[PDB]
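Working notes, structure below.
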Amino acid sequence: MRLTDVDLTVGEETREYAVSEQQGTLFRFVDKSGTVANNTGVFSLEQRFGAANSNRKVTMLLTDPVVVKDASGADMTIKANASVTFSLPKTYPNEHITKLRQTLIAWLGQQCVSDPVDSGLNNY
Amino acid sequence: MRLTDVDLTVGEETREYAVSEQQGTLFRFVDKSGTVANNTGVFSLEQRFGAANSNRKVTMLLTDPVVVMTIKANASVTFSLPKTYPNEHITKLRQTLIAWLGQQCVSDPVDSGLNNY
Amino acid sequence: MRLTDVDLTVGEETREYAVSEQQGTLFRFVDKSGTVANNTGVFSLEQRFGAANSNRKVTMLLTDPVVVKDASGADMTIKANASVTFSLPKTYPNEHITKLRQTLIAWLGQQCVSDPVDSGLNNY
Amino acid sequence: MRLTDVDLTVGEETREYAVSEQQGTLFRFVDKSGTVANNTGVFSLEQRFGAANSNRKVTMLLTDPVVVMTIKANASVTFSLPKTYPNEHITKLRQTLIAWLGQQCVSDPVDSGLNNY
Amino acid sequence: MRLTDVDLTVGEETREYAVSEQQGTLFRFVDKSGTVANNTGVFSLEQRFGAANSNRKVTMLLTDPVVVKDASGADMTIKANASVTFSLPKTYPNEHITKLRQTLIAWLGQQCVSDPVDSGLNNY
Amino acid sequence: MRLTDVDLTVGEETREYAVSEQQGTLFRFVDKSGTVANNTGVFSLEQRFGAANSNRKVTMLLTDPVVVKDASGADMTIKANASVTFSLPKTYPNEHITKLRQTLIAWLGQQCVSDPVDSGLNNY
Ligand SMILES: [Ca+2]
Ligand SMILES: [Ca+2]
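Protein chains in written order, with PDB author numbering: chain GP, 1 to 124; chain FS, 1 to 68, 76 to 124; chain FR, 1 to 124; chain AN, 1 to 68, 76 to 124; chain FT, 1 to 124; chain CH, 1 to 124.
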């Protein structure tokens, strides 16, 4: 796809990203909320096409930094990371790859995934 | 939460998973539509809470096999979350990852292998 | 399955078990007839999911202790054990696994299985 | 007992086994519906009577192959019975094992691999 | 018992815990008023069922952390702990065990116990 | 507190203790239903007020002995023990200490605690 700046609907807010770099098998967006100096968010994606016996692999990194108060009171920046990796064999059909991606989105929506991620509570 | 069998709306289809194991920090669901062990897709999640200087880590593995021989494809997500980081911004992070996984610039390489240009 | 206390119909009596512990791949029931001190029966089940080349395995242990008179006359506790093990390859269909379990139940009902187990007589 | 061919009611089907060998302490039945040796399911039982200080042991092996290549799955039961232990309570033990093998908490891991939680 | 979230009546307030993990011999609750960042209370219990000769042990840990200002003004999180351990021999009857537990609750209510625990004053 | 004999309400019975010794940091009660020859219950509590850097510790031991017939018929006295220990840092406020003690009483009342303690069954 010809890359363009991206606007995501996130819960009840809208998040705007802009293309920061594009390579042959890699690209990176930056959250428009931020500066070179102070960064608000980054997203990166890279594909690694292996040999015909190897599975091709696709990896994403989403980084969200937030400024938090120090125990002394100083301003301190803290990052939270999320990383996804798709291992897709080259005999696997593209249809079922799409199915896989969508089921992952659905799972990431679920409360049984939300509670440990968002708040640290395990399910029982 | 109290684990219950889950039904996911996946595009225009409905996937139906059943709880297959629950440990202390780990759980595993299984695609009800599976006929054989190798036929059967699975989803597992585990949290590893670290020391106070560490970040807690949550990992998920989604396995979807298909018959061609049966071939398996994996998606794996990992959330590295520092403890001082606020729960609200964590919920934000998760939702934005969902949104990203929606986009074309992600589907084109994942689904069909087209890189962006 | 969400575990619950279990009541079994056994011949012409009813036997009541209660959940004693549940792990990820293991659980244990105890016969409600008994105490920590004096035990009347135990049942345990564990599953071992191997690698994709390995068969998954499922093992059950049923223990029935009985108090018997000593040759001197003292009270002595004697256990009898029964253990089942299902070796199920991961290319084997779940339907035929159910078929296998039910045929095993039927066989355990048979007189040709009952005579050696219950009384020690071999068949001829 | 005097061995005779056996017909088992298995769920909603009927399995039909024929006597295939009888030794002193060992016997073996065979699924009549088998077309080939590898196609054919089998069931075998053997008693090993020990010394007076030992427990007698009875072992059973049930083999059910299926064609996918033919793949074999095994169930094996073993009764360890002390001699002083009363025959009545042995009959009890066997019946309760049957009852247990009926239950969901046993079928879910055996049949489909779901652990209990 | 089928573990589920519990609410405790504590003097004239209500304390709400939620199941945070359940293992075979161990479980852990967390105070619902808390965060990973700012924890407010945890309770954990484990049973070590001993060898046939030994007693079985049950241990509980209750931890209540509180934020306190420092002499430097900095905010400092401080934990107070209570730990209970039941050593129960197998031959001991379940009835007298429940008796023991209830008498311990009664004692923990008494002023001769609360005064040294709560305020650090000894009895006389 | 001025130590005097106490009576505890235990379920639907009343348990009567009497002061057996009082020291500076330690005291001991004895169940009034007992003899030196046949003891029926003891409770003891000690505070180790720590160094200025350390936490102070309060420990309690409750012992309930019961007579049980032996397999040989002989009479055998068996003790069951409960031990509680409060580790309380100096900077921790007396208010939240009383909170901790009361929540421990509440927990000890709960079924998720009584079932493993009283009957040896784990939760699930
Ligand atoms: Ca370009
Ligand atoms: Ca459970």
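Positions of the beta carbon are idealized from the N, C-alpha and C atoms, including for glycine.
With hydrogens ignored, establish whether the beta-carbon of residue i is closer than 6 Å to any heavy atom of ligand 2.
i: FS:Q22; result: yes
Examine ligand 1 and report whether any of its heavy atoms sits within less than 6 Å of the Cβ of residue i.
i: FT:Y17; result: no
i: FS:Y124; result: yes
When the cut-off is 7 Å and only beta carbons count, does residue i lie next to chain CH?
i: FR:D7; result: no
i: FR:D75; result: yes
i: FT:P116; result: yes
i: FR:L108; result: no
For chain FS, find out if any of its Cβ atoms is closer than 7 Å to the Cβ of residue i; answer yes or no.
i: GP:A82; result: yes
i: GP:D70; result: no
i: GP:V66; result: yes
Please confirm if residue i has its CB atom under 7 Å from at least one CB of chain FT.
i: CH:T103; result: yes
Spell out whether any CB of chain FR is found under 7 Å from the CB atom of residue i.
i: AN:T14; result: no
i: CH:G120; result: yes
I'd like to know whether the C-beta of residue i is nearer than 7 Å to at least one C-beta of chain GP.
i: FS:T85; result: yes
Secondary structure, alpha helix (DSSP H): runs of 4+ residues fully inside the region 80-111 of chain CH: 94-109
Along the region 89-101 of chain FS, where does the CB come closer than 8 Å to a CB of chain FT? Name the residues. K90, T91, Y92, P93, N94
Against chain FR: residues of the region 17-45 of chain FT by CB proximity under 9 Å: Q22, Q23, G24, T25
Which runs of the beta strand (DSSP E) fall wholly inside the region 7-61 of chain FT and span at least 3 residues, in chain order? 13-22, 26-31, 42-48
Between the region 45-61 of chain FS and chain FT, which residues of the former have a C-beta closer than 8 Å to a C-beta of the latter? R56
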